[PDB]
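Engineer: If you scroll down you'll find the structure; I have some questions about it.
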Amino acid sequence: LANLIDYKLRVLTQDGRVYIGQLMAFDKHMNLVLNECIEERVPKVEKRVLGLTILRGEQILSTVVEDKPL
Amino acid sequence: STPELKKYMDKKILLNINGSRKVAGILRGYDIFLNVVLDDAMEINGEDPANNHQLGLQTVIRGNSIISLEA
Amino acid sequence: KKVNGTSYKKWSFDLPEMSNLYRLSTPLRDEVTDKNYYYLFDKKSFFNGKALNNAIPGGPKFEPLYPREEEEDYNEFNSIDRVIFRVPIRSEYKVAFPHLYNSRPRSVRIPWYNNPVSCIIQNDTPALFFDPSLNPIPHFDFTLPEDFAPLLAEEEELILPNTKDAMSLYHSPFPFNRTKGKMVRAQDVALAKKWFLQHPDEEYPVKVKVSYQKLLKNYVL
Amino acid sequence: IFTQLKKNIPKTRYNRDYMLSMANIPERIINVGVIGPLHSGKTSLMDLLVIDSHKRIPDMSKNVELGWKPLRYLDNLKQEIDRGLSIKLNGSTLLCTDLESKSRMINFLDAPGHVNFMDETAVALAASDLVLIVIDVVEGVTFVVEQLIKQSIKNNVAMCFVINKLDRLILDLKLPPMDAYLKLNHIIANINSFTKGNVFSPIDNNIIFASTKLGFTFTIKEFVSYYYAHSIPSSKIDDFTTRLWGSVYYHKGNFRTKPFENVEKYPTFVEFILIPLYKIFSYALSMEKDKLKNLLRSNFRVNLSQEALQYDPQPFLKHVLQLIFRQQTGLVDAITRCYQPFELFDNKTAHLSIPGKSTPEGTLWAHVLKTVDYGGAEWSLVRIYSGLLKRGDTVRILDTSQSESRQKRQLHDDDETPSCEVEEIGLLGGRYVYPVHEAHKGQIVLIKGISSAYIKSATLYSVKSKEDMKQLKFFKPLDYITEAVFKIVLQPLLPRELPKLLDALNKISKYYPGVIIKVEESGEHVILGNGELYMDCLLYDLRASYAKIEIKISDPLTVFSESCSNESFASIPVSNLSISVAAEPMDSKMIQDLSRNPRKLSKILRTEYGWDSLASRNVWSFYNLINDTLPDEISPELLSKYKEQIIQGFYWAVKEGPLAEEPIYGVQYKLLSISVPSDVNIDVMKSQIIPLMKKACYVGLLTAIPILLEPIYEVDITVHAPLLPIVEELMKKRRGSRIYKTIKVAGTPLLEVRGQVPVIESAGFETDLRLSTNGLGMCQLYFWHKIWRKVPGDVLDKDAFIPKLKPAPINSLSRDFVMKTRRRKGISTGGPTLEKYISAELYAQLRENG
Amino acid sequence: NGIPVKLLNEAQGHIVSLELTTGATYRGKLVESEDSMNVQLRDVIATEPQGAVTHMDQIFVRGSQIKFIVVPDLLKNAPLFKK
Amino acid sequence: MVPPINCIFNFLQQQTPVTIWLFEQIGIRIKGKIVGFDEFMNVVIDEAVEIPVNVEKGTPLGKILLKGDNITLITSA
RNA sequence: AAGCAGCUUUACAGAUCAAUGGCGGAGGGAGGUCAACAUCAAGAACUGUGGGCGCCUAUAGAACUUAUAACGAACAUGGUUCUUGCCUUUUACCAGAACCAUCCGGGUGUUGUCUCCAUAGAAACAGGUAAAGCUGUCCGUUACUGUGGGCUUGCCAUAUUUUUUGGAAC
Ligand SMILES: Nc1nc2c(ncn2[C@@H]2O[C@H](COP(=O)(O)OP(=O)(O)OP(=O)(O)O)[C@@H](O)[C@H]2O)c(=O)[nH]1
């Protein structure tokens with residue numbers, strides 16, 4: 001997962017929402033910190049800009065690689 | 001890690017708790033499990049009244065049930 | 001490998017051999033190592049002794065840089081009636097605090113004041129042993145595994161055979177303070193310089209003390 | 001716009017841009033204001049934090065990089081470098097981290113260690129809500145550190161102590177490990193002994209074990225968090241840290257207050273920390289670098305470079321310590337755990353000015369502490385208590401010399417307050433100033449344009465409403481830990497350079513706050529510094545740096561304070577309205593208590609120590625000393641109408657004694673009689689009250705058989721055992737120089753002898769002490785006690801033998817002091833007695849008959 | 001394990017937006033953050049999932065109920081992430 | 001100041017009838033005396049009687065070992 | 001801190017045996033009381049003169065630092081001007097000041113030589129500066145496996161409220 005650092009991630013939480021952003025760091029609990037992360041629900045429609053955020057490893061369901069690193 | 005409620009000590013605090021429950025009471029005790037001892041336990045019933053459940057017999061509420069608390 | 005090579009430009013030594021050279025060089029090195037012991041014998045202090053025309057009783061006396069001509073003519077200030085004569089304010093104070101005690105100094109270098117007092121204890125006894133010259137000291141997770149012993153366990157003795165020699169050498173002057181250094185010509189080694197920079201001990205023949213003063217004179221010049 | 005202006009400032013490991021974003025938050029800014037005695041490693045520890053934060057300092061050479069000559073970063077002054085001390089506060093703004101990687105920014109201020117500079121230490125206490133008192137092991141807890149503990153407790157400021165120079169006890173002393181731990185038990189024992197309401201130790205994150213020359217600071221919690229966090233689980237590690245320090249032992253997983261029959265007694269600080277440390281040192285200077293290298297690759301996870309392996313023993317040891325004890329996040333952790341913003345900050349800002357209710361959030365209210373010259377330009381060190389300060393804003397300024405006047409003006413409640421614009425704002429970085437657009441709450445900043453309004457300390461505020469002007473509280477003038485009695489009269493050698501010199505003196509009053517500059521009407525200038533070295537720094541800074549003039553300098557002098565011995569035998573009416581005032585000395589404890597409402601006042605006075613309900617009830621006022629009123633004719637409210645005026649004329653009477661026109665000290669004035677004529681005109685009434693008050697108090701002392709009072713430097717000396725007698729001989733060389741207690745410092749040859757020497761007798765007494773002791777002794781002169789003793793001899797002695805060019809005999813001393821002070825102030829013009837003070841003639845005949 | 005918590009620690013004094021499990025969002029300056037993710041805010045404005053908005057002074061919400069917390073972008077470059 | 005475990009212990013000494021609200025269930029509220037509890041705060045209740053909120057009737061439940069995780073609100077009645 | 005797995009390598013058997021990708025290499029390393037040649041405190045905003053792209057590399061021209069203690073933990077000798085006694089002239093001078101200079105020496109950096117220690121090679125080709133794999137091509141292992149080393153890593157211990165042993169389902 002450390003190999004997965006800085007990659008843009010599309011993550012899906014237990015509430016069904018999708019959060020997109022570069023993973024800045026994680027932990028054992030899988031608490032993620034996302035750069036310039038944006039929220040989206042229905043799909044692009046109903047999208048919002050969170051920015052720098054930290055999502056908890058308990059409510060997270062799964063995450064996938066989105067785009068290239070920088 | 002012991003949570004610091006010291007700034008809420010002996011103050012009237014309004015808990016919100018799982019199941020759209022709302023409590024109001026003066027803080028007494030707490031612990032690392034965050035379980036709370038309240039005085040003057042006050043339920044907020046669904047609409048108009050606020051039921052006063054406990055006066056001098058205080059109360060204790062398990063921690064994880066707490067959504068949050070306000071001063 | 002202890003030296004740069006046949007050109008013999010650089011040298012690097014181990015601890016024990018340098019300690020040997022030190023214990024051999026004790027007669028020629030008087031162990032003046034304390035810097036605070038030099039008070040008013042700093043080169044700064046002698047320069048200020050020259051610019052102020054004030055001779056430390058141990059230091060050399062010089063020609064004054066500025067010929068003494070008095071323009072005071074006793075104004076209201078520093079009159080005999082105004083000032084209070086109590087403390088002798090002898091020359092040593094003038095070289096001690098150049099600006100405060102002295103009026104109109106020129107080209108005066110600020111002295112070093114002092115380092116903290118030197119508590120150094122030289123052994124004459126195991127390493128890290130309590131000196132009888134010291135003042136006595138008045139006094140007034142319970143489980144853990146079987147493992148976890150304090151750091152550097154199995155290292156046996158705390159004091160190695162050389163560590164005393166290490167500590168005694170740690171405070172050595174510029175020559176012996178180091179395990180490596182450049183080569184200096186025998187022309188460039190001053191052995192007798194560290195002898196006249198010291199306070200002359202009492203009960204020397206007056207001629208010897210005068211020799212100290214002359215040597216210091218050439219040195220400061 | 002200022003991007004092209006900097007280019008000098010060194011790049012910092014953390015970006016400087018984020019630091020100000022951290023500065024926007026009042027919670028994240030802690031002001032350290034590090035304190036400590038002389039040569040305690042303060043500037044060197046601050047240097048460790050600066051080198052720690054920045055990348056590569058341009059002003060450090062290869063030699064100071066090896067660590068031979070200790071780098072002092074925070075002293076950029078020519079004199080501070082050459083003379084080797086610290087003088088003016090120069091701190092740093094350092095974003096720092098705890099054991100938790102949370103990064104709190106800190107404003108450090110290094111107060112000079114030498115005692116004559118304690119003014120800067122007072123500015124540091126008033127500046128900093130935290131205090132790191134850096135204590136030397138070998139010097140133990142000195143009396144100066146005691147004064148810093150009691151002093152910081154007085155103004156309510158948190159303290160986090162740093163025990164420093166362990167490598168001295170380890171190398172110089174070569175203490176056995178158990179005995180050295182006993183030394184630490186002695187240091188901390190005295191520490192908690194002089195701290196009344198707190199318990200400091202390595203646990204609780206208060207004491208910080210450090211050696212600056214070899215560049216490492218660590219706390220037991222930081223250390224365990226480093227090298228014991230691998231073996232110990234996270235569950236028991238906290239309690240394990242809490243139990244490390246004392247009165248416990250260890251074998252295998254077993255803890256007892258007793259050694260439990262084991263062959264070795266190692267009370268768990270020795271064994272777990274202090275022994276690994278000793279083995280680090282002894283192996284570092286001693287052990288072969290190969291197997292040592294193997295230890296560091298094994299135990300501490302340290303990898304040595306070949307260049308590192310090739311270092312000399314001292315630089316190699318410094319480098320090994322910087323690898324074992326990593327970049328310093330522990331000391332900052334102890335800073336955080338030490339300082340709690342609540343229960344303190346409000347108490348602090350209430351102690352500095354007035355107890356009040358919060359502050360209006362809109363208005364900007366900030367204390368102006370010290371005027372510093374930095375790049376050769378006038379700056380102002382300002383701490384913002386509330387509101388935000390923008391570059392280019394117009395702000396009101398008031399020198400704290402006028403404060404209580406304004407506060408009384410509000411208690412009776414355009415503006416007389418001169419306003420100035422902020423030209424620039426900066427964050428002190430030590431050798432560089434980092435400019436910032438706007439300054440925020442709870443931080444220490446510099447401003448260029450403020451320096452012109454105020455003499456030394458000021459209040460700086462901008463209000464958005466007038467109700468705020470009603471609700472503003474202003475800062476009391478800074479209380480300097482030590483009063484400055486050291487007196488030197490100056491004149492320029494070329495009088496035509498006098499005007500420029502005047503400007504210089506003004507700048508001096510701004511740059512050195514504790515200096516008290518007096519301008520005598522005879523043209524001879526007077527300067528009052530704390531002591532010898534402080535006034536010397538004043539002179540070198542005054543001439544070379546600011547105004548370059550040949551300056552004649554009189555022998556060092558003192559301020560004398562007139563007083564009375566017995567009770568005034570006669571009550572003399574005084575007219576140009578006839579007032580007779582009786583005088584009497586204060587009680588012993590009444591003085592000490594004074595230097596440091598009416599019902600509570602009479603209860604504290606009477607209760608605490610002897611008084612009568614009429615006297616203690618009728619006390620009108622206290623100053624600097626206390627005016628009292630005890631006729632039977634007090635019945636009319638007249639004395640209540642003129643009471644304020646009597647307290648005024650009493651102020652002018654006490655500010656100038658009858659003898660030397662010097663401040664009256666320890667004298668209670670009780671009013672026996674006040675006459676009022678038939679006709680009353682308030683202007684001529686009061687304007688004739690003032691002179692009769694001044695003359696009244698003069699007659700008060702002179703009828704009491706007045707005595708002079710000389711100040712007394714309290715003397716702290718560190719000598720060795722064999723050189724103790726010589727010092728005692730020096731004490732017999734001076735009229736003063738009482739020795740009281742000779743304190744044995746544990747585990748060191750140094751005996752610290754306390755003493756008292758009068759400031760007249762002491763001139764370069766430090767220097768003579770050192771030359772007599774051959775550099776093995778050290779002397780310090782500290783007068784914060786405001787203790788005054790009578791110079792032996794009786795003033796008003798017509799026949800006393802005074803040698804013109806030689807010191808005078810003991811019994812004749814006070815006489816020549818009075819004479820020569822009167823002449824230096826031009827009062828003589830040629831025993832004041834009562835004649836010019838109007839004993840009149842016939843009554844003067846009557847007193848001559850008695 | 002350091003960065004996620006230690007970040008939320010360094011978020012004190014910064015305006016943050018909590019979204020909770022029930023969906024009610026609490027914005028405001030973060031007064032305190034305990035290592036267990038229990039957080040305490042002052043000057044909090046709350047938005048219910050239905051859109052209802054209120055303003056409140058002192059709030060303290062447990063960790064276990066936090067859906068996530070958004071901290072200002074200033075921390076993007078911080079000494080935390082430097083290895 | 002009184003810790004919640006010793007407060008629950010105080011209710012244990014007092015023995016007064018205790019009303020308990022469960023977790024994420026608003027329909028039932030159980031009543032009865034506390035005969036003991038553990039460090040996990042799993043409480044064995046005496047004379048347990050249901051109190052449906054959905055006029056309040058109930059079925060006597062006897063003694064019960066009640067798991068602390070469902071335990072939410074402990075009071076007296 | 002053992003083992004397992006992952007990562008990096010590695011003596012390697014290897015897939016490919018192509019296009020690749022990585023790391024190194026396209027001119028060695030020590031030494032010499034061996035030479036010659038340049039300089040000799042580090043700064044540097046700011047500008048100028050050039051390159052590389054308002055920024056770095058190279059130079060000098062002022063600001064504003066201390067050289068400092070010490071190109072050298074040493075320290076000589078002259079010259080010029082000023083002053084002091086010899087003095088009264090040339091020397092030679094005693095003692096200082098200021099500014100120059102001579103000598104004794106040293107670090108570097110560039111090359112050239114002159115002796116020990118080495119084994120792949122792709123150390124092959126073409127471009128230029130004041131410099132070099134500096135650039136382009138290029139080749140050595142090789143980019144995906146299993147045995148062998150090291151860690152920068154997780155387990156070797158957590159099912160009891162704040163995370164992973166769910167309060168969901170409908
Ligand atoms: N032997 C030894 N000397 C030390 C140690 N730490 C500091 N010193 C010396 O103590 C001196 C004083 O420290 P500084 O920081 O330079 O100055 P200071 O302590 O602030 O003293 P002031 O500047 O006058 O306030 C330093 O110059 C060091 O030479 C140490 O650990 N061991």
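By convention in this document, the chains of the structure tokens carry letters A, B, ... by their order, each chain's residues are numbered from 1, and ligands are numbered from 1 in the order they are shown.
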Could you name the residues that touch segment 240-245 of chain D at 6 Å or less, counting only C-alpha atoms (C1' of nucleotides), but leaving out those on the same chain fewer than 4 positions away, as an mmCIF file with N, CA and C atoms, in the first residue's frame?

Structural biologist:
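Saved the output as part_30.cif:
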data_model
loop_
_atom_site.group_PDB
_atom_site.id
_atom_site.type_symbol
_atom_site.label_atom_id
_atom_site.label_comp_id
_atom_site.auth_asym_id
_atom_site.auth_seq_id
_atom_site.Cartn_x
_atom_site.Cartn_y
_atom_site.Cartn_z
ATOM 1 N N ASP C 141 3.683 -0.240 35.146
ATOM 2 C CA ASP C 141 4.287 -1.210 34.242
ATOM 3 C C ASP C 141 5.187 -2.163 35.010
ATOM 4 N N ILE D 203 9.888 12.759 34.813
ATOM 5 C CA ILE D 203 8.501 12.426 34.548
ATOM 6 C C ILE D 203 7.683 13.701 34.706
ATOM 7 N N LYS D 221 10.850 10.815 28.674
ATOM 8 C CA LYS D 221 9.746 10.376 27.829
ATOM 9 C C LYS D 221 10.149 10.370 26.363
ATOM 10 N N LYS D 236 2.225 -0.503 28.262
ATOM 11 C CA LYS D 236 2.936 -0.248 29.506
ATOM 12 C C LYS D 236 4.001 0.834 29.382
ATOM 13 N N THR D 268 17.167 2.674 38.329
ATOM 14 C CA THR D 268 16.335 2.689 37.125
ATOM 15 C C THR D 268 16.465 3.950 36.285
ATOM 16 N N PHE D 269 16.948 5.050 36.856
ATOM 17 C CA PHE D 269 17.427 6.116 35.990
ATOM 18 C C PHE D 269 18.874 5.872 35.607
#

Engineer: Could you write out, as a PyMOL selection string, all the residues of chain E that DSSP marks as alpha helix (DSSP H)?

Structural biologist: chain E and resi 2-10

Engineer: Please determine the contact residues of chain E with respect to chain B at a cut-off of 10 Å, counting only C-alpha atoms, and supply them as a PyMOL selection string.

Structural biologist: chain E and resi 20-22+32-36+38-42+56-66

Engineer: What would the file look like if the residues just selected were written as an mmCIF file, in the first residue's frame with C-alpha atoms?

Structural biologist:
data_model
loop_
_atom_site.group_PDB
_atom_site.id
_atom_site.type_symbol
_atom_site.label_atom_id
_atom_site.label_comp_id
_atom_site.auth_asym_id
_atom_site.auth_seq_id
_atom_site.Cartn_x
_atom_site.Cartn_y
_atom_site.Cartn_z
ATOM 1 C CA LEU E 20 -20.820 12.494 10.681
ATOM 2 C CA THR E 21 -22.420 9.075 10.259
ATOM 3 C CA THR E 22 -25.957 10.480 10.394
ATOM 4 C CA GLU E 32 -8.989 19.929 20.527
ATOM 5 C CA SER E 33 -8.387 16.532 18.947
ATOM 6 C CA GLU E 34 -7.789 13.456 21.078
ATOM 7 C CA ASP E 35 -5.687 10.603 19.722
ATOM 8 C CA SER E 36 -8.824 8.441 19.616
ATOM 9 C CA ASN E 38 -12.727 12.294 19.564
ATOM 10 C CA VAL E 39 -12.814 15.949 18.524
ATOM 11 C CA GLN E 40 -13.970 19.193 20.146
ATOM 12 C CA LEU E 41 -14.931 22.296 18.161
ATOM 13 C CA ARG E 42 -16.001 25.842 18.976
ATOM 14 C CA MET E 56 -23.798 26.360 18.083
ATOM 15 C CA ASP E 57 -20.958 27.350 20.389
ATOM 16 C CA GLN E 58 -19.213 24.396 22.044
ATOM 17 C CA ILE E 59 -19.464 20.930 20.481
ATOM 18 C CA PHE E 60 -17.718 17.675 21.373
ATOM 19 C CA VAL E 61 -18.259 14.672 19.109
ATOM 20 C CA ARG E 62 -16.884 11.157 19.487
ATOM 21 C CA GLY E 63 -14.492 9.573 17.063
ATOM 22 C CA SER E 64 -16.539 6.468 16.314
ATOM 23 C CA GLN E 65 -19.369 8.559 14.854
ATOM 24 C CA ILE E 66 -17.219 10.699 12.529
#

Engineer: Which residues are near ligand 1 - at most 6 Å, using only C-alpha atoms (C1' of nucleotides) and all ligand atoms? Format: as an NGL selection string.

Structural biologist: :D and (38-44 or 72 or 85-86 or 112-114 or 165-168 or 211-214)

Engineer: Can you check which residues of chain A DSSP gives as strand (DSSP E) on the backbone and send them as a ChimeraX atom specification?

Structural biologist: /A:8-13,18-25,32-40,47-55,60-65

Engineer: Set the distance at 12 Å and use only C-alpha atoms (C1' of nucleotides): which residues neighbour segment 812-823 of chain D once local chain neighbours fewer than 6 positions away are removed? I'd like the list as a ChimeraX atom specification.

Structural biologist: /C:76-86 /D:487,489,520,522,524,557-562,656-662,706-710,735,760-761,789-804,806,829-833

Engineer: Could you list, as number ranges by chain, every residue within 9 Å of residue 54 of chain F, counting only C-alpha atoms (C1' of nucleotides) and ignoring same-chain residues fewer than 3 positions away?

Structural biologist: F: 26-28, 51

Engineer: Emit the selected residues as a PDB file, in the first residue's frame, including N, CA and C atoms.

Structural biologist:
ATOM      1  N   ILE F  26     -35.580   1.933  19.851  1.00  0.00           N
ATOM      2  CA  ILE F  26     -36.394   2.826  20.663  1.00  0.00           C
ATOM      3  C   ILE F  26     -37.698   2.171  21.100  1.00  0.00           C
ATOM      4  N   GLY F  27     -37.951   0.937  20.667  1.00  0.00           N
ATOM      5  CA  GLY F  27     -39.241   0.326  20.933  1.00  0.00           C
ATOM      6  C   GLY F  27     -39.365  -0.208  22.346  1.00  0.00           C
ATOM      7  N   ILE F  28     -38.280  -0.752  22.887  1.00  0.00           N
ATOM      8  CA  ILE F  28     -38.328  -1.463  24.157  1.00  0.00           C
ATOM      9  C   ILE F  28     -37.422  -0.779  25.170  1.00  0.00           C
ATOM     10  N   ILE F  51     -40.817  -2.760  28.519  1.00  0.00           N
ATOM     11  CA  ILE F  51     -41.633  -1.553  28.463  1.00  0.00           C
ATOM     12  C   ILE F  51     -41.652  -1.098  27.009  1.00  0.00           C
TER      13      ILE F  51
END

Engineer: Per residue of chain C within 7 Å of chain G, record the nearest atom pair and its distance in Å to one decimal, counting only C-alpha atoms (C1' of nucleotides), with rows in chain order and ascending residue number, as a tab-separated table.

Structural biologist:
residue	atom	partner	partner_atom	distance
C:5	CA	G:31	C1'	7.0
C:7	CA	G:33	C1'	5.6
C:63	CA	G:96	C1'	5.8
C:65	CA	G:96	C1'	6.4
C:174	CA	G:73	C1'	6.9
C:188	CA	G:74	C1'	4.5
C:189	CA	G:74	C1'	6.6
C:190	CA	G:74	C1'	7.0

Engineer: Would you mind exporting N, CA, C and O atoms of the selected residues as a short mmCIF file (atom, residue, chain, number, x, y, z; two decimals), in the first residue's frame?

Structural biologist:
data_model
loop_
_atom_site.label_atom_id
_atom_site.label_comp_id
_atom_site.auth_asym_id
_atom_site.auth_seq_id
_atom_site.Cartn_x
_atom_site.Cartn_y
_atom_site.Cartn_z
N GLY C 5 51.74 9.55 4.08
CA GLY C 5 52.56 8.78 3.17
C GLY C 5 54.02 9.18 3.34
O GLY C 5 54.42 9.68 4.39
N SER C 7 55.48 11.54 1.57
CA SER C 7 55.49 13.00 1.63
C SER C 7 55.30 13.48 3.06
O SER C 7 55.78 14.56 3.43
N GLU C 63 55.31 50.99 25.09
CA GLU C 63 55.15 52.40 24.76
C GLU C 63 53.68 52.70 24.52
O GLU C 63 52.97 51.90 23.89
N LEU C 65 50.49 54.09 22.68
CA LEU C 65 50.21 54.42 21.28
C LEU C 65 50.04 55.92 21.10
O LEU C 65 50.49 56.49 20.10
N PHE C 174 45.50 22.06 22.48
CA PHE C 174 45.52 21.93 21.03
C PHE C 174 46.40 20.82 20.49
O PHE C 174 45.97 20.11 19.56
N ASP C 188 58.46 25.48 13.28
CA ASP C 188 57.14 26.03 13.59
C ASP C 188 56.56 25.53 14.90
O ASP C 188 55.48 25.98 15.29
N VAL C 189 57.23 24.62 15.60
CA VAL C 189 56.74 24.15 16.89
C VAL C 189 57.29 25.07 17.97
O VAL C 189 58.51 25.25 18.08
N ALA C 190 56.41 25.66 18.77
CA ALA C 190 56.82 26.46 19.91
C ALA C 190 56.61 25.62 21.16
O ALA C 190 55.47 25.42 21.60
#

Engineer: Taking into account only C-alpha atoms (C1' of nucleotides), which residue in the set G:166, G:3, G:128, G:28 is nearest to chain A?

Structural biologist: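 Among the listed residues, the smallest separation from chain A belongs to G:166.
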
Engineer: Can you work out which one of E:5, E:46, E:37, E:11 has the shortest atom-to-atom distance to chain G, counting only C-alpha atoms (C1' of nucleotides)?

Structural biologist: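 Nearest to chain G: E:37.
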
Engineer: Skipping near chain neighbours, those fewer than 4 positions away, what residues fall within 6 Å of residue 30 of chain E using only C-alpha atoms (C1' of nucleotides), listed as an MDAnalysis selection string?

Structural biologist: chainID E and resid 12:14 41

Engineer: Kindly provide the residues of chain D that approach chain E to within 10 Å, each paired with its closest atom pair and their distance in Å to one decimal, based on only C-alpha atoms, listed by chain and increasing number, as a tab-separated table.

Structural biologist:
residue	atom	partner	partner_atom	distance
D:13	CA	E:79	CA	8.4
D:14	CA	E:79	CA	6.1
D:15	CA	E:78	CA	8.0
D:17	CA	E:74	CA	9.5
D:18	CA	E:74	CA	7.0
D:19	CA	E:78	CA	9.4
D:21	CA	E:74	CA	7.4
D:22	CA	E:13	CA	8.8
D:24	CA	E:13	CA	8.7
D:25	CA	E:13	CA	5.7
D:26	CA	E:13	CA	7.8
D:27	CA	E:13	CA	6.5
D:28	CA	E:13	CA	7.4
D:95	CA	E:79	CA	8.8
D:96	CA	E:79	CA	8.7
D:97	CA	E:79	CA	8.3
D:99	CA	E:6	CA	10.0
D:100	CA	E:6	CA	6.3
D:101	CA	E:6	CA	5.9
D:102	CA	E:10	CA	5.0
D:103	CA	E:10	CA	6.5
D:104	CA	E:10	CA	7.9

Engineer: Any idea which chain D residues end up within 10 Å of chain G if we count only C-alpha atoms (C1' of nucleotides), as a list in words please?

Structural biologist: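 Contact residues on the first chain: residues 4, 5, 6, 7, 8, 58, 59, 60, 61, 62, 76, 78, 81, 231, 233, 298, 299 and 375 of chain D.
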
Engineer: Atom CA of residue 439 of chain D and atom CA of residue 382 of chain D are how many Å apart?

Structural biologist: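 Computing the Euclidean distance for atom CA of residue 439 of chain D and atom CA of residue 382 of chain D yields 9.7 Å.
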
Engineer: Excluding residue 42 of chain F and its own-chain neighbours fewer than 3 positions away, which residues fall within 6 Å of it when counting only C-alpha atoms (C1' of nucleotides)? Please give them as a PyMOL selection string.

Structural biologist: chain F and resi 37-38+66-68

Engineer: Pick out the chain E residues within 7 Å of chain A. Count only C-alpha atoms. Give them as a list in words.

Structural biologist: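 On the chain E side, the interface is residues 1, 3, 4, 67, 68, 69, 70, 71, 72 and 73 of chain E.
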
Engineer: For each of F:59, F:75, F:25, F:14, take the minimum atom-to-atom distance to chain G, counting only C-alpha atoms (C1' of nucleotides), then give the residue where this is smallest.

Structural biologist: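 Closest to chain G of all the choices is F:25.
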
Engineer: As a list in words, please: the residues near residue 64 of chain A (cut-off 12 Å, only C-alpha atoms (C1' of nucleotides), same-chain neighbours under 6 positions excluded).

Structural biologist: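 The contact residues come out as residues 1, 4, 7, 8, 9, 10, 11, 12, 13, 18, 19, 20, 21, 22 and 23 of chain A.
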
Engineer: Compile the residues of chain D that lie within 12 Å of chain B, evaluated using only C-alpha atoms, and express the compilation as an MDAnalysis selection string.

Structural biologist: chainID D and resid 234:235 238 342:343
